[PDB]
Structures are given as C-alpha cells and as structure tokens.
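1. only geometry, no sequence info:
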Ligand SMILES: [Zn+2]
C-alpha cells in the first residue's frame, strides 16, 4: 500500500507522523519486506544480493558467484557462514572497570562491573558497532537470531528461496 | 408592531451568523462574511441582513433587545493550529520542567482503545511554552497555605528580566498551591509587573490564582497559559463588539457561551472559558430542538468553513467532563464532550509532492472562499472549489447572490493543481476529493459513536453545518440512523442555540463542613446553619447581578445546590437541594440522604461508604429569568407533490462518473409534506441542501427535512 519514498523515509528515520501512525494502526502491507530489502540493496556498494537484514549495517547475504550465505557488514567484511554466530568472528571491547564504565555513564549511574559488564562488538574493517551486550562476568557470547530463512521466503512470502551452497 | 428581544451570534472563520428572536418567538437569521480583525464589522453587516427580512433597521431593533449571547471560533482555532503568541512562564525554581514533561499523560491524551495500549503510538506535542521561555522563583507554599520556603523576591526580579530580555509577548506565573494562599504568587506578579514598567515593553502578566484557582498544577498552568497564548488576540473582540453595540443603543451586557454549556458575562477576564463557544452553540440548539419535539437521543453534526463538529445528546442531556483534555492538553475548566475533524467548505486541497495523494486542510480559506471568488486572492483550491466544478453550489447564489463566484476559475485551478498532475479530468479531479471527504467524515461519525458504546440506529442525526447540508448524504449513507434531519435554519444553527440559551446566573462558595455519621443534633444544626448562610450570601449575589441587568427579584427563579462527598475523597458530587432553606437537623438529614441517593445512581448502591462520614465542599445558587425562546413552526401538512412555483430549473450535477440534470428547488417555496426525489439541490439565501440521485427528502410541519436512503 505505502508509497516507496515513504518506506525510504522510514529507513532514514525521517518519516512524517501521519504516515507513521498509519503504518502502526492499520494492517501491515504484505509488500513491505520486498520493497524494504530492495531499498537497502541499492544503498550497498557491493552487488551481492541481500537475504535478510540483521541490523542497520549488518546483513545475511548471497555471494554472487559461490552462492554461499554469509553475514556481512555494509562496508564489505564477511564474518562467517550464516548459520554461525557473527560475534564469534568479530572484535570485542569489554568495560569491566569503573574507569571504562565512567566513559559512557556518569559515576553512580554506571553499573558495577563486578556484577554487569558492557561488551561492545565491532566489525574488523570499519569499526562499526553492530551490537552491545550487558551480561555478567563469565556469561557466554549470545547467538541472537537463527532465522528460518527458507520457510519465511517459501511459506510466508510466496517467494523462491535464493540459490544456496554450503 | 414587532418587539425584538433576543440576539444570538456565531462569529466564525467564514461567516458571522445573527439570530433574532422577537416577543412571540418568531425569528429571522442574517449572514455576512466575517471580519476577523474586527468582528464588529461583520456583526453589523449580518445584523442588517437578518433584520432586513423583517423590514426593520439595525437602529430600531437594538433599542428593544433585552439580551444577546455571543459565541465564536477565533480563539479555539488559534489553539488547535498552534498559532498563538510567543508566551513565557515563571514557576517554582527546581520545577521549571513540568510544563514540557506533560505529566506523561499528554503522550496519549485522547487515544482510541487500540492506541492507548499500542505503545509505539505515544507521542508528545511541542510544549506551549518552550524551556528557554520558562523561569523559576525560589518559593514554597504547602497544601494548606503555610510558607515553608518564603519567597526570595530577588529571584523573581531576575525571572522577569530574563523573559523581558527574551522578548516574551506575555508572561504567566504558576506557583504550587497558590489557589490556597496566593500571597507569594501575587507578589511575584507585582514584581514582574514592576519590571515590565521599567522596560517600556507591552507585556501582560497572568497569575494563575487570578484566573484558575484550582488544584492540579498541570491543568491550572495549561489553562492559564491559554489566556496568554490564544485568548489575548481575541480579547479586543468582545470589547470592540460590546462598545460598538452600546454606542448604537443596546441596554444589556452581552453573555458568552462557555465550555460547560452555560452562559457567562462578556466582561470576565477568563476568555478561555469561552473557547469552545461556537460548537457548544450548536449542541445547545440541537438540545433545545429535541426537547420541543421529543428527540431525546440526538447526534449533532456541524460542518463549517474549517472543521466538522460532532457530539451526542444522550437522553435529553449533554455530557460535561470535569478535568478534561482538549487538543491533547489537560485543562481545569469543565467541558462539554464533543469531537471534530479539521475539514470544511474552505479547507485547502493539496497533493503530497512525493505521494501525489490528496491532503485536505488542515488550514482553511475562511471568509475568502477559494479560487472561485475573483477578489479573494486565494490561489490554492478549496473543497468549495470542487463544489462549483461538480454542480453542488450555485455560482450566483452565494449569500443570495451578493458574492460573485465564477465556476471557470474553479475549473482552471482544479485542472492545473489536481487534475493534470493526477492524469484525471476536472470532473474526476473534483469528484475524488468530495468522495474522500465523504468517506472520511462518515468513518469518523460512525467511530465516535461505536467508541462510546452506542449503535447509530439508537440516535437521530441533526445536520446543520451551514455547509453540512451539502454532505448529509455523504457521512450518513448507510449508517442506519433512526432519522436524519436538516432543519431549515441550518446555516445559523449555533446562533440559534445561542438565542435559545437560558438566561441564568450561577454563583459558588466553597466550604469545610465535616460530619461523622453519628452526630448529635447540635453539631447537625450548626452545619445546617453555615450552609444556610452560604446560600443566603450567594442568593443576594444572584439577585444583585440581576438588578444591575434590569431584573427585579420577582422575576428570578432560584435553585440552591451543594457539593458533598465521603470524608476522605478527592472528587465530589453536585446535588440539587430538595429544600430551599435547611436550618433544622432533620433537614441536614435530608441533604445527606439526597447525597447517598445520587451516589448510588452515579456509581452503585454498594459503592456507598456512610461510615466514612460526610464532607460538604461547596454551595451553589442558580438564577433564571424568563426569555422569549425561538418558536418552532407547527405548519399544517399538505400534499406530497411540491408546487410548480418551487422549481428553479436544473444544474449539471456529477457524482458516480455520471452527469444528470438535477432539479433546483427554492427552500422557502416548499410546503409541509412535499417530497423531493434525487437528483436535486435545495437552495435558499444561504443554505444548499444536496440530495444526489439515490436519495430522497421530505419536509415536515416544523420546517425540518428528512433524508431517506431510498
Ligand atoms: Zn565493516
């Protein structure tokens, strides 16, 4: 239903309130995903197809030649195969002292790092912060999302699955 | 011959309506373009138009008027479109933030069920007063007037100098619990007033205790800010009009319709009481009309030059909310429950540059009707321009043909702006705007009713915009109303409700009567004595103001009332006293018993908690004098076939991609009992009633029409 430029504004954080309320209060537009993902595609500097957005600067992607599925930054860096935790192949900054917590919180409003830690996760090439965790000491890294990509495209969207190698 | 006694007025964004009532109830109605920069000019013109139908001069009539009621829309519009004044605020230091925090509430005020829970829907509007025009004084007064932190007067002098320097255009002062002890807030006000004198600037000051001395500081401050923000521009208007009229020989003081449906004096400095005066005019006329004809459940629908106003009259009464919200603002003044959407005959038709979708309004053209009027200088097309293209309006009968409306201007400006950017004909360009509006108004009216828990078939729909009879078919089609009525005087319907308004004065005094359940009959008579006194103190106030208006005490009918509650509560109930006099023990038992009774009805018999004891919180006194109310016609009904005299030819009328030659009828030349099959337009001097093909109307003995689906 929605105008294409209006779903762009929504991505750019610039959409008007009337259409923002319209989008929220009425049944969703079945066409959203295919318009959305195409909007993201034309904003990448690499022509490999996008399969699913993982964050603002993070995607599951289909290699134009090998047809493998991978996690990719917007800049270009492939982290891992899509069934793996990308964070395992990323770089991490751990805020575990009052000095580091007091860089992003005023004292007293910072968590205490013997109870809670800030783990920031960056792309190796561009330094982009794709995710920040707030667990305890010892706590494993978290595999956020394992999507059923086949069922989504095939059963919920009525679309062929993109070609896939291993 | 004829003695003209009552005058009602709707000063609107487009037309200023006048409603004259004579001694026997007979009436006549005048229309004129508003002169919003000095509404006296349009008032005079409309008066002379209405009075000329009675072959009477404005001079001769004004000497005979005994009362008049003004209502309007200029202030309400200013609020809604946030076009008020650059106003600033001084509150208690350390709490400057409370205005802009909106008490959290105002991020979901007036939300339908579904959006109240849909969290991502909540949204804050801009604050009336931004943070850089707020300042704080160091003072603190507790819930019973004690000055815990005395006012450090220096901080008040810097507060004033700051906002004077910021070139604030009015300054509002709201200090906590000032309603209880206004000493500190009035010292601040005096200190501010002092600093504006030294500056040479013209900046008016508003102490909240001087205007709205009531608890809940977000409500009080919003309401007081309204006096600075929106009221001040139209403050000139009621003294310009009243001066122009006493100059001209009136012997009465004007009254104004106020938010609770009652009239107040034009002199009151609390103009915010009179903010929804125009719409409430319509609701009151529909209420009156219902009472004469036994319609107890009425849905009111008004379409003006700018918006579409809608309220429900449920079992003879309107609903009045105590601490209401309006335009997503908490307020301290009692309000009649209404609703609207911002579309009307002059709302501007624009296309989103990127979507190329039609957006109606929210602004309007007003007394300038649109492009169709050559001299209006209006370049953007308005819904009124689509009326001309489609054959809804008669080019040569706007205001009886006193106003030149050119259809080809409407056609060229519709083509260039709408039709050609959309690859449509001017016919389909205009018809799609009207069709969208028809559905938009219809879905709103259906939903306000659904929301309040009612079916549209439980109600009769009164329709009376002045431009609403142009879309009665539209927003009513298939809703299932019991009946849909277009009264013949639809165009001045609010000014009709204003001339119909009771001549009533009300007076209040608060109180501190605390009674346990078990009390001896001496504490019981003491309590009845002090309430008995307050009624007498109030009774002399009602009668003293009626004397200054030329009414002896014999003509005043008096109705005492009081406010009661269980002891520890926060809200109270108004109760009409069964006894005019109190005094003696058992009577205090009657007053409590009466309270209990209404508490059961208002809530539930098992809500009653007598063991908490009672608290009498105020006393009330009403004062009615008789007034000629407008007399509803009771004509003898005749044949269904209308006279050949009423036929005025045809116009090319375009609706569902079809052109038809729609009959034209002179409204006044129609007789009780006639029927009109669509397609036809019914025209008089200033009302156009549209009956498309697929509809039908008939006229009754009360000059009411009835829309049928058919
Ligand atoms: Zn990267």
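-> Done, it's in. Numbers count the residues shown, from 1 in each chain, chains lettered A, B, ... in the order given.
2. okay, now residue 53: neighbour count?
-> Assuming you mean chain A. Residue A:53 has 15 neighbours, counted by other Cβ atoms under 10 Å in any protein chain shown. For every residue, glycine as well, the C-beta is placed using N, CA and C.
3. that's the other chain; I wanted chain B
-> So residue B:53, with other Cβ under 10 Å, has 13 neighbours.
4. how far away is it from the ion?
-> 81 Å (Cβ to the ion, to the nearest Å).
5. what's the answer for residue B:694, then?
-> The spacing between residue B:694 and the ion, counted by Cβ to the ion, is 64 Å.
6. partners of residue B:506 in the sheet?
-> Assessed by DSSP bridges, residue B:506 has beta-bridge partners residue B:622.
7. mind listing what it touches?
-> B:262, B:542, B:620-623 (Cβ atoms under 8 Å, 6 or more residues apart in numbering or on different chains).
8. and residue B:386, by the same measure?
-> For residue B:386, the contacting residues are B:349, B:392, B:410, B:414, B:429-431, B:433-434, by Cβ under 8 Å, 6+ apart.
9. figure out the helix or strand that it lives in.
-> Element membership of residue B:386, judged by DSSP states H and E, is helix B:383-390.
10. repeat for residue B:190
-> Here residue B:190, judged by DSSP H and E, is contained in helix B:183-199.
11. go through the helix or strand that comes right after that helix and flag the buried ones.
-> Sequence order places strand B:205-207 as the next helix or strand after helix B:183-199, per DSSP H and E. For strand B:205-207, the neighbour count (16 or more other Cβ atoms under 10 Å in any protein chain shown) marks B:205-207 as buried.
12. how about stretch A:12-28?
-> Neighbour-count burial for stretch A:12-28 flags A:15, A:19-20, A:23 (criterion: 16+ other Cβ under 10 Å).
13. can you list these in TSV and add distance to residue A:62 and secondary structure?
-> Below are the buried residues of stretch A:12-28 laid out as TSV (distance: Cβ to Cβ, whole Å; DSSP: H, G, I helix; E, B strand; the rest coil):
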residue	distance to residue A:62	secondary structure
A:15	29	coil
A:19	31	helix
A:20	32	helix
A:23	28	helix
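14. element containing residue A:132?
-> Secondary-structure assignment from DSSP H and E places residue A:132 in strand A:129-133.
15. residue B:300 too?
-> Here residue B:300 is assigned to strand B:298-303, by DSSP H and E.
16. thought residue B:448 was touching residue B:456, still the case?
-> No: in this structure, residue B:456 is not within contact of residue B:448 by Cβ atoms under 8 Å, at 10.2 Å.
17. residue contacts, the residue most central in space within chain A?
-> Most central in chain A under Cα atoms, centre = their mean is residue A:55, positioned 1.7 Å from the mean C-alpha point. When contacts are counted by Cβ under 8 Å, 6+ apart, residue A:55 is found next to A:130-131.
18. partners of residue B:87 in the sheet?
-> residue B:170.
19. how many neighbours does it have?
-> When neighbours are counted by other Cβ under 10 Å, residue B:87 registers 25.
20. return the residues of the stretch 301-450 of chain B in contact with chain A.
-> Contact residues, the stretch 301-450 of chain B versus chain A (Cβ under 8 Å from any Cβ of the partner chain): B:354-355, B:357.
21. can you rerun that using 6 Å?
-> B:354-355 (Cβ under 6 Å from any Cβ of the partner chain).
22. all helices of the stretch 301-450 of chain B, in order?
-> Per DSSP state H, counting those that start in this stretch, the stretch 301-450 of chain B carries helices over the ranges B:383-390, B:407-414, B:426-451.
23. OK, now which residue of the stretch 151-300 of chain B is nearest to the ion?
-> residue B:166 (47.2 Å; Cβ to the ion).
24. what about that residue, neighbour count?
-> Quick note: residue B:166 (other Cβ under 10 Å) scores 13 neighbours.
25. same question for residue B:396.
-> Applying other Cβ under 10 Å, we find 11 other residues in the vicinity of residue B:396.
26. how far away is the nearest residue to it once chain neighbours are set aside from the ion?
-> In space, and not counting its chain neighbours, residue B:396 is closest to residue B:405: 7.5 Å by Cβ to Cβ, 6 or more residues apart in numbering or on different chains. Between residue B:405 and the ion the computed distance is 65 Å (Cβ to the ion).
27. outside of stretch B:688-708, which residues touch it?
-> Residues outside stretch B:688-708 that contact it (Cβ atoms under 6 Å, 6 or more residues apart in numbering or on different chains) are B:392, B:469-470, B:472-473, B:483-488, B:632-635, B:637, B:655, B:660, B:670, B:672, B:674-682, B:710.
28. contact partners for whatever residue of the stretch 251-400 of chain B ends up closest to the ion?
-> As assessed by Cβ to the ion, the ion sits closest to residue B:354 within the stretch 251-400 of chain B, at 32.1 Å. Taking Cβ under 6 Å, 6+ apart, we find residue B:354 in contact with residue A:5.
29. got JSON lines for the helices of the stretch 301-450 of chain B, with distance to residue B:62 too?
-> Putting these into JSON lines (distance: least, Cβ to Cβ, whole Å) gives the following:
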{"stretch": "helix B:383-390", "distance to residue B:62": "33"}
{"stretch": "helix B:407-414", "distance to residue B:62": "39"}
{"stretch": "helix B:426-451", "distance to residue B:62": "39"}
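30. pick the most deeply packed of the ones you listed.
-> helix B:383-390 (a mean of 28; mean count of other Cβ atoms under 10 Å in any protein chain shown).
31. so which residues of chain A form strands?
-> Taking DSSP state E as the test, the strands found in chain A are A:49-55, A:58-62, A:69-73, A:78-81, A:91-95, A:118-122, A:129-133.
32. and the third one, does that touch the ion?
-> Think strand A:69-73. Yes: judged by Cβ under 5 Å from the ion, strand A:69-73 comes into contact with the ion at residue A:73.
33. now the contacts of residue B:506 in JSON lines, with neighbour count and distance to residue B:156?
-> As requested, these are arranged in JSON lines below (neighbours: other Cβ atoms under 10 Å in any protein chain shown; distance: Cβ to Cβ, whole Å):
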{"residue": "B:262", "neighbour count": "20", "distance to residue B:156": "37"}
{"residue": "B:542", "neighbour count": "21", "distance to residue B:156": "39"}
{"residue": "B:620", "neighbour count": "20", "distance to residue B:156": "37"}
{"residue": "B:621", "neighbour count": "25", "distance to residue B:156": "38"}
{"residue": "B:622", "neighbour count": "19", "distance to residue B:156": "41"}
{"residue": "B:623", "neighbour count": "23", "distance to residue B:156": "41"}
